[PDB]
Amino acid sequence: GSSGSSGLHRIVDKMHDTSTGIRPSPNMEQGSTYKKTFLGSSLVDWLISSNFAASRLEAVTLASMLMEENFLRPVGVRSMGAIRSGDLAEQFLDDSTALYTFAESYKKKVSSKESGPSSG
């Protein structure tokens, strides 16, 4: 309960998609592989391309907004260090280096009495 987004929600739902949603991937900035990660710019541009922002800014904030909602999180390399999740703030760069991933802390259904998928 208690939904503090209203809009971001419609944004997350989109991101949750791969078609019209975002599209993370390993870039390998400086080490690690980073599976399921999208460049900061990828998001910004996305948000914009999604018509959720007018300029990188609106996107930068929209991005930082998702992270707060617990939808995304900062990864290694750019966009890191003094990461604070207290106030809205605008802790988020709009470049290629900067990376971000989806926060596992959110509404994520799970096999609980229902037709489950197969495994490999």
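Refer to the preceding data block for the structure.
Overview of the structure.

Rules behind the numbers
Residues numbered from 1 in each chain as written, not as in the entry; some residues may be left out. Heavy atoms only, no water. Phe/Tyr/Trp six-rings, centres within 6.5 Å; stacked < 30°, edge-to-face > 60°. Buried < 20%, exposed > 50% of the residue type's maximum accessible area, 1.4 Å probe, protein only. Pairing = 2+ DSSP bridges. Helix = DSSP H or I, 4+ residues; strand = E, 2+ residues; numbered from the N terminus. Contact = heavy atoms within 4.5 Å. Axes fitted to C-alpha atoms, helices over the stretch in contact; angles between N-to-C directions. Arc of directions from axis to C-beta.

The next thing to look at is the packing of aromatic side chains. With the rule as written, the count across this model stands at four aromatic pairs. Their ring planes at 20 degrees and their centres at 3.8 Å tell us that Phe 92 and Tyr 100 sit as a pair that is stacked. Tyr 100 gets classed as buried once you look at its relative accessible area, which sits at 1%. Taken together through their ring pairs, the aromatic side chains of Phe 38, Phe 92, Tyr 100 and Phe 102 make up a single cluster.

Now for the sheet that holds strand 2 (residues 72-74). Reading across the sheet, the three strands line up as 1-3-2 and stay open at both edges, with antiparallel pairing between neighbours. In this open sheet, the two edge strands, each paired with only one partner strand, are strand 1 (38-39) and strand 2. Across the face of the sheet, helix 3 (residues 56-69) comes into contact with strand 2 and strand 3 (99-102) while running at roughly 105 degrees to strand 2.

Positive phi, close to 75 degrees, is recorded for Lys 36, a residue that is not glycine. Within the secondary structure, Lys 36 sits in the loop between helix 1 (7-15) and strand 1. Positive phi outside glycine occurs at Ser 79, with the angle close to 65 degrees. Its place among the elements puts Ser 79 in the loop between strand 2 and strand 3.

Now for helix 2 (residues 40-49). Inspection of helix 2 places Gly 40, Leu 43, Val 44, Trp 46 and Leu 47 among the buried residues, and these make up the whole buried set. Mapping the buried residues of helix 2 onto a view down its axis gives an arc of 160 degrees, with all of them on the same face. In helix 2, those exposed residues whose orientation departs by more than 90 degrees from the buried face are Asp 45 and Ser 49. The inward-facing, buried residues of helix 2 contact helix 1, strand 1, helix 3, strand 2 and strand 3.

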